[PDB]
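K.L.:
Curious how this folds, go ahead:
(chains A, B and C)
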Amino acid sequence: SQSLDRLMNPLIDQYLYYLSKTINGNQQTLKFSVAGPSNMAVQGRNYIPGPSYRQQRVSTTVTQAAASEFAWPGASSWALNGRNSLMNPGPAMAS
Amino acid sequence: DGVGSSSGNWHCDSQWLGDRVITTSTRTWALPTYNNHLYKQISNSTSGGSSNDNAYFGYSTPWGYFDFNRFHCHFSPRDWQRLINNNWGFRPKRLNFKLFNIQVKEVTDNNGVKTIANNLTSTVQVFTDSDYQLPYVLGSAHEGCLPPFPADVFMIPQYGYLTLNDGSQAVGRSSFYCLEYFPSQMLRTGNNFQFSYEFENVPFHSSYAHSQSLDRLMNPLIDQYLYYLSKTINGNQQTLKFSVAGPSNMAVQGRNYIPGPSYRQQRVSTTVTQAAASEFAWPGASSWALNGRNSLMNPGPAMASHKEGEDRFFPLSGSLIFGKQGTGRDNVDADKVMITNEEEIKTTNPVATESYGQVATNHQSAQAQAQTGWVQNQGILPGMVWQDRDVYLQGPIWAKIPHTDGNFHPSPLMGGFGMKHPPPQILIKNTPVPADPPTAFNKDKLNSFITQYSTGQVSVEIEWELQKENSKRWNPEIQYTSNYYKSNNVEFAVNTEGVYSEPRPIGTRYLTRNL
Amino acid sequence: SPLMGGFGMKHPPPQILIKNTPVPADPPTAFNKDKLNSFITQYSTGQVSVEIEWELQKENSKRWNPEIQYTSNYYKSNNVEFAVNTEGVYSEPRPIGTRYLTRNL
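P.N.:
Numbers count the residues shown, from 1 in each chain, chains lettered A, B, ... in the order given. Please find the structure below.
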């Protein structure tokens, strides 16, 4: 019922700072700001999402065009002793 | 007990036994009424947010909570210095928590003047989430913890939580939690609250810096019994030549273990009078994506902040950044913040702003030259060894390991001890006291309440286990020390206006041990 | 021995420190991380009692003639020495030592 990137308190700022600005408007002027509810994407986090092995995206919607036959050519695979095996179903990832 | 009898004493001291140190800290707190006793749905729409990456949905509760998840809440600077200069490791063992001397006040405003008086019959409600049934917000580096200085009086932060969101909207899987649906003790001015907690078994934190590097573990006087490919061409005929790997060429010697994982960060320099190509704070930052939302990789995997002699460089978001006393909230200069560094782990961990290494990318032949590619991100491999991020006096202590099917090395990335069952959240709220109701029945919930706030003392005692050092090193070690040179103020003390300040972050890795 | 007079001790009577516990005023309804600087104006009062047992060294002199003794003067005065004035002000009119009796060297 919670997402890994939304585990913080939405009412309280962190006691950590993030780099918010690099240029003043090519002199380098470093600026730092408190990571808080208004910018949750830059808050420090203790844990990160699990591993991935990217898969090609296929749509089930009717009336769609495809560049070419990519079922085998566009598939993710792993090789063992010169033999290619389809990565199926592969690591547990959000569909 | 009674109105005229104290329900507890002021306990604030540190006791140093042989293998254990017991820290006790007491603070005075103030608790106002939050949200006017209401639960409120909150989202990026209510706060005016627009970006997809910062969208959220959640609820703000009228409850406050007690947080002591920072080391300076328990260790004085001198105690921290003793711990870091005399021990190879430490870990929390058990916890004792107390609330006492409850004082509930009522505030009445006549015309531009407020009068404060005691409300001896009012109550304050406290309970602990021992079953971890509520969202855990102590695992984030939030403000509102007990002050490092015992004399400072602090305000209890308001408790809020987030659930699943789609933009500013919720989904059916989103959960709403009512904290009044939990049994809680109600305390008048004569009552007190206390509970004990036992820390689950965690590894000792590495309060040492390695005196050897992973690539220099061999005997510098003896050759290996292994050979390496030393030459390919004779001066395009292929003539393979092999040589013994020895002290003269240590880079090519066979090794049993390799440095830990990496996730490269952009390099930023603190040196003044420097030019930048463009604004790269967000565009040039390393990040990970979850359900279409991009989150900054911060602080990310434990990696060396910079190479030897390059202290001016720091990873864009790979280091903890603390603010100096009095520092503003938005767009402060570099001299207003304290940038931590992890140079001590350069002996086992890769540099944050450098590639892990090079890997072959083709098959060399008489027609194709051998090609290699830079490894910007490298996952866990067998034989890898690494050091976790160091903890700091003002840094976090613990975090809750997310309840998931799988995890790897669940040490909190911001530093500290990862636990499936961390110290439970302690939630506190002033019981609403309705004003005079109408003389005719009305079914609507009451919205007129007496303005109230509460104050009291809070004590937390934590027993820490120590790992003593048994080094045979002959020369003296590096130790944290204050500087004798004269200054207007004493470091880690109050100013002429009574303002306590922490002038620098203090790590734990000064003693050394072999790799 | 203290140069201003008295008994020198490595472990004298300990310092007794007392302070009124701060009582914060009404805090804001929105969280602020700064330490509170608004407190209810308070002061405290009470009674303090200290009891000290003193050991005495009695005199065993064989001196025949009477000794010098500290004594008040009978002669009339507007006020009694070591007493209050007409405005209730207590005063100590002179310093009093301890060395009036005599013994051989």
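K.L.:
three-state assignment of the spatially most central residue of chain A?
P.N.:
Nearest residue to the geometric centre of chain A (Cα atoms, centre = their mean): residue A:49, 8.3 Å. Here residue A:49 is recorded as coil under DSSP: H, G, I helix; E, B strand; the rest coil.
K.L.:
list the contacts for it?
P.N.:
A:4, B:288, B:290 (Cβ atoms under 8 Å, 6 or more residues apart in numbering or on different chains). For the C-beta atoms, the positions are set from N, CA and C on the backbone; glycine is no exception.
K.L.:
What segments of chain A are strands?
P.N.:
Counting by DSSP state E, one finds strands in chain A at the ranges A:17-23, A:28-34, A:77-80, A:83-86.
K.L.:
Could you save these as TSV and add columns showing mean neighbour count and distance to chain C?
P.N.:
Listed next are the strands of chain A as TSV, based on neighbours: other Cβ atoms under 10 Å in any protein chain shown; distance: least, Cβ to the nearest Cβ, whole Å:
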stretch	mean neighbour count	distance to chain C
strand A:17-23	21	14
strand A:28-34	21	10
strand A:77-80	10	51
strand A:83-86	10	53
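K.L.:
Just give the nearest non-adjacent residue to the one residue in chain A that gets nearest to chain C, would you?
P.N.:
Of all residues in chain A, residue A:12 sits closest to chain C, at 6.3 Å by Cβ to the nearest Cβ. Residue nearest to residue A:12 in three dimensions, not counting chain neighbours: residue B:142, with 4.3 Å by Cβ to Cβ, 6 or more residues apart in numbering or on different chains.
K.L.:
partner residues bridging the one you found?
P.N.:
Beta-bridge partners of residue B:142, counted by DSSP bridges, are residue A:14.
K.L.:
Residue A:37 reaches residue A:11, doesn't it?
P.N.:
Yes. Residue A:37 is within contact range of residue A:11, at 6.5 Å (criterion: Cβ atoms under 8 Å).
K.L.:
Let me see the contact set for the residue of chain A closest to chain C.
P.N.:
A:36, A:37, B:137, B:142, B:143, B:144, B:157, B:158, B:160, C:31.
K.L.:
try it again with 7 Å
P.N.:
By Cβ atoms under 7 Å, 6 or more residues apart in numbering or on different chains, the contact set of residue A:12 is B:142, B:143, B:144, B:157, C:31.
K.L.:
Kindly report the same for residue A:43.
P.N.:
Counted by Cβ under 7 Å, 6+ apart, residue A:43 has contacts A:8, A:14, A:35, B:140.
K.L.:
cutoff 8 Å now
P.N.:
Contacts for residue A:43 (Cβ under 8 Å, 6+ apart) come out as A:8, A:14, A:16, A:18, A:35, A:36, B:140, B:296, B:298.
K.L.:
burial measure for the third one, as a count.
P.N.:
Other residues near residue A:16 number 27, with proximity taken as other Cβ atoms under 10 Å in any protein chain shown.
K.L.:
Wait, it touches residue A:35, no?
P.N.:
Yes. Counting by Cβ under 8 Å, residue A:16 does reach residue A:35; the two are 5.8 Å apart.
K.L.:
Which neighbours do those two have in common?
P.N.:
A:43, A:44.
K.L.:
Pull the number of nearby residues for residue A:82.
P.N.:
Taking other Cβ under 10 Å as the criterion, the count of residues near residue A:82 is 5.
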